[PDB]
Ligand SMILES: [Mg+2]
């Protein structure tokens, strides 16, 4: 009942994606007329935008006013009547289960069988049970079992690593033996920060623009490995190393390393330093508390 | 982490989970797809009528749930909470009959700012949209008299997704309308502000309207996107994500006005304003892990001194498991998350409604797929303090007529006295063990059977040249002398009989089958001797039955007989028909027939 | 590259080769008799001769894996060995007996039409096995050529021990069996088609055996006017049956539960004890080495970053003994409840074990229950 870390069984889900995006094409085409192939799916999915440190969103202002009813029954079935027969052609080439599939999604129903729930192959169903027991045990604080699940899982040849948060909080609460969650995280960053599609949402990413999760988590978690202290000029030494200038959150990591090192004229230079990286962190999508938690600490320091 | 070392690595707390407390409350293509336009067919919430507004009484708690063969009647009735929530003592459910099936019921409630509470409850059918006033419940007998704020069957021949609330707001697939409800009696409901969010390339029918901040500004949803509409000016916004990697899965307003709970796929989203104007929240969130389209959500809200914490129940239509996460509102508009937990429920089916109302108590009701029952549940933190009607099998066990009761009893008596015959019968056979009588019997037995076996081997010689098959007729047996089996009663001398019978017919062209390697399949460990078989079974059953020695002997006898080999003339006879069938076949299938591969 | 239009030869060669491979594993690892092999050459020879008495270059043959298991069971049943279908389902679902891969990863490249003819129709789990063995039993005739009487009494023993029933129920059910049949049990249910709608949900012998078994327990226990079987011991029996313990068997039935089509049984993997899950991962690192299909050494060191990793678990007759003792305290209308929950648990075990449906089983025991009421009234 949990996400599987394998590429999905191929045959039928792809031809359903065909039927879906092809019908989508015909209906939206005739819709723009009335307002006047993997590649078909590709263009179709294509033309579309693809007091604490909140990486704030984009709120509501400068957005266009309204629309008033576009779609009555008669007008909609006008737009629907023709693209459904065009669909009658390749529906004849696909399988019966996918006939009924298309007829149902095109009626507007939603399937209550998942892609996982209908893979129904030995090895994959077994991996489903394995991964499930991982997620369950990790919920159940059973870090020992959960760890066995995780190792046996990553052994399997099909699973690429989404499961890194599983192991991050896993070895974190484990404390037992193996090179800990920091080791794993900086490993994730060292292996997957260089060139050295289907499967890729944002919690595993490529180093063109932001590789997110693992990087910021080893960053903050390493500054907490300084919370173990009171190492710092190390963490901000290799935060000083990379150029990826848009990485504002690593600018607040930087300035946080300087505030933690500022806790004599050396301490001065560290306080001027954090004062700088806060504005070159106003460079990008802001992490702000105010000016008073930023500075008022630094005036308690100016003491 | 975030605030703990922004201040200047485990958590904030130790590790605590889920428990139950259960109770009954009330009773009332398609295999692979579902209708999104049917959200929830029962609500329960605090309502407050006019006569409740003369005094200071805080109204009452009511339930409204759908009923009927076609699910086309509304039932409204009052609750009284004492030790645990329960239906009223006089059980006078007030049900009103419609002719259209009920797809959605919700009772709206009200903000804390108005002082009042809702007086009404509204429903979407397959044919109409109706609003009901509850007017003047009275304790004389717990009556709930309601009035029918009039339907509007259809204006557009369009089904309507969601109703939100004095303001009757409707959404039909793509296009919405703000409207108003008449006052009490007998003019019905009108509108004048309208709009649409239509999107040709989203096929799923469900959209959703619920507003936001009580600011007189609404939210409209489809599985593609979330659109805010400031609707007493002219204002519209598509908030920041769209339809790239996940679908909007549900949204419900976490009860406090400025508070928003949205299930995506693999994300619990806590939208809610931290500005007077409407908002998004990207105050980070948790994620929950499927492809399931059928996920829904609800929150319960518990109050405490140092925080204000919200429990998020995400449930499904596929499995009876409930997936829970918890958030906290330390009103610096502070939100943090702690760790996940999930519970199960019971056999086949799944939730159609989950509805909420140094430890945590959170309580709700559930209604399961295809089960008219409504079950109250409660959940606690620590511990300081099947009733089978499977109608498929009971219909198979309870068979009706009285002669079909005394029929079964008749058969049971027949076999029971028969079993007495078995006991008394074999008893004396057990009295004679290692006797000279049982020796005589094992002799004339073993070689009497040897004589019959030879006869059957002669009548296997006459029919030997069949060569059409390779299985001799009715082979493996005692060979038509049956009384000779039973009468002995000493397993080891009988195993020795058989070993010396196999020894005796070692004159070739005869079957050989080693039992031990097959008892391996019975007891699941190596069973070398035919005796140790009897030993192990006798341990097991000597723990449990009288005359376990007699039965265990009768059953090791029955087994050893059931398997007592004597199949066709052996390995040299099969190869004859093997090759001769490998002849009548065409020449290159004969070339494909291949022994010893690799 | 790969053959065209007469890779019938290569097809039947990978098929036959896979068969003899499985036989090697069952004489070897299951201590079968060597005679089985010749019986298999005879049955596979008969249907090989029948498909090579068929003309068309259009293949029209369906040598699915169910045919492999079908001729194994057919031959085993001729030889009257006390193996039953559930032995096979267990054997293959636990990856012991090689099954799931057309020539497992290591072979031959064949026309993708035949690779699909193998990988497809792989599951036995809705009675596909019973239907395919009756289908083979038509394809070449059971009656004269072979002896298609099932090894009934060992299945009774298998069944009583599989519950924890006292040995009286062996003779009970054996007697109801003789009552409706007088012990005559066939293998064909064949009239080559797909069509069937009455009389033929219940004519695979085993399913009727299970049906008599269930019925027996219900009748017998609900009419012990003697009061021989206490209102309690039915509960203690249900609980000793329910206690998830870690023997080879129950661990196996968990492994089968994982690939059974219908819920609940997968909710059953949800409710595994810690030891069940542990012995599970054990079976995963043992029998999912039978898996299928620079940076590579970087993943040998990468995976070698976290460890890949006096016998506690007890045997079968040990567990059996101990629940027999767990009820050893042996010496009013809501006891029907105890009857019913016991029957439904037993049913559950049989459904996963014999790879059929809830609806299938209750269809059969319903039909044959009315078939005993009819010859009783
Ligand atoms: Mg968009």
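Protein chains in written order, with the UniProt record's numbering: chain F, 1 to 36, 74 to 87, 137 to 282, 291 to 324, 345 to 377, 401 to 440; chain L, 20 to 27, 49 to 68, 169 to 305, 314 to 335, 342 to 511, 531 to 558, 567 to 779; chain P, 94 to 199, 204 to 390, 405 to 420, 432 to 453, 469 to 514.
By construction, the Cβ of each residue, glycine as well, lies at the ideal position given by its N, Cα and C atoms.
- Interface flag for residue 212 of chain F against chain P is set, since a Cβ pair is found closer than 8 Å.
- Taking the Cα of residue 421 of chain L as reference, the smallest distance to any Cα among L:700, L:429, L:451, L:392 is reached at L:451.
- Within 7 Å of the C-beta of residue 289 of chain P there is not a single heavy atom belonging to ligand 1.
- Residue 484 of chain L carries a strand assignment under DSSP once its states are collapsed to helix, strand and coil.
- Counted as a single uninterrupted DSSP element, the beta strand (DSSP E) harbouring residue 63 of chain L occupies residues 62-66.
- The C-alpha of residue 346 of chain F is placed about 7 Å away from the C-alpha of residue 375 of chain F.
- Residue 427 of chain L and residue 146 of chain F have their alpha carbons spaced roughly 11 Å apart.
- Nearest neighbour of residue 245 of chain P by Cα position, chosen from P:173, P:215, P:207, turns out to be P:173.
- The C-beta of residue 249 of chain F has 16 or more other C-beta atoms within 10 Å across all chains shown, which makes the residue buried.
- Within the stretch 419-473 of chain L, there are no complete alpha helix (DSSP H) runs of at least 4 residues.
- For a Cβ distance threshold of 8 Å, residue set 209, 242, 243 of chain F lies close to residue 388 of chain P, ordered along the chain.
- Closest in C-alpha terms to residue 242 of chain L, from the list L:56, L:482, L:213, comes L:213.
- Residue burial is scored here from C-beta neighbours: residue 261 of chain F has fewer than 16 other C-beta atoms within 10 angstroms and is therefore classed as exposed.
- Around the Cβ of residue 160 of chain F, a 10 Å sphere holds fewer than 16 other Cβ atoms; the residue is exposed.
- When Cβ pairs closer than 8 Å are counted between the two stretches, the stretch 133-152 of chain P is seen to touch the stretch 107-117 of chain P, the count reaching three or more.
- Under DSSP, residue 478 of chain L shares a beta bridge with L:467, L:495.
- Within chain F, the residues 208, 211 have their CB atoms less than 7 Å from the CB of residue 356 of chain P, given in chain order.
- Around the beta carbon of residue 60 of chain L, fewer than 16 other beta carbons lie within 10 angstroms, which makes this residue exposed.
- Residues of chain F whose Cβ lies closer than 9 Å to the Cβ of residue 174 of chain L are, in chain order, 195, 196, 197, 198.
- Taking C-beta atoms as the reference points, residue 249 of chain L and residue 186 of chain L count as a pair closer than 8 Å.
- Around the beta carbon of residue 640 of chain L, fewer than 16 other beta carbons lie within 10 angstroms, which makes this residue exposed.
- Taking 8 Å as the threshold, the shortest C-beta distance from residue 83 of chain F to chain L does not fall below it.
- Residue range 300-304 is occupied by the beta strand (DSSP E) that includes residue 300 of chain L.
- Between ligand 1 and residue 78 of chain F, a heavy atom-to-CB distance of less than 7 Å is absent.
- Between residue 514 of chain P and residue 63 of chain L, the CB-CB gap reaches or exceeds 8 Å.
- Pairwise C-beta distances place the stretch 248-255 of chain P out of contact with the stretch 475-489 of chain P, as fewer than three of them are shorter than 8 Å.
- Between the beta-carbon of residue 464 of chain L and that of residue 408 of chain L there is about 6 Å, and that keeps the pair under the 8 Å contact cut.
- Counting only the Cα atoms, residue 406 of chain L lies some 25 Å from residue 460 of chain L.
- The three-state secondary structure of residue 244 of chain L, taken from DSSP, is strand.
- Close CB contacts of residue 201 of chain L within its chain, under the 6 Å cut and outside five residues either way in sequence, are with 186, 219 (chain order).
- In chain order, 362, 363, 365, 366, 489 place their CB closer than 8 Å to the CB of residue 354 of chain P, counting only its own chain and leaving out the 5 sequence neighbours on each side.
- For the stretch 101-120 of chain P, the set of residues with a beta-carbon nearer than 8 Å to any beta-carbon of chain L comprises 102, 105, 106, 109, 110, 113, 114, in chain order.
- Residue range 101-123 is occupied by the alpha helix (DSSP H) that includes residue 110 of chain P, with no beta strand (DSSP E) assigned at that position.
- With a cut-off of 7 Å, the C-beta of residue 29 of chain F is classified as distant from ligand 1, since no heavy atom of the ligand falls inside that distance.
- Not one heavy atom of ligand 1 sits closer than 7 Å to the Cβ of residue 542 of chain L.
- Going by beta carbons, residue 387 of chain P and residue 222 of chain P fall outside the 8 Å limit.
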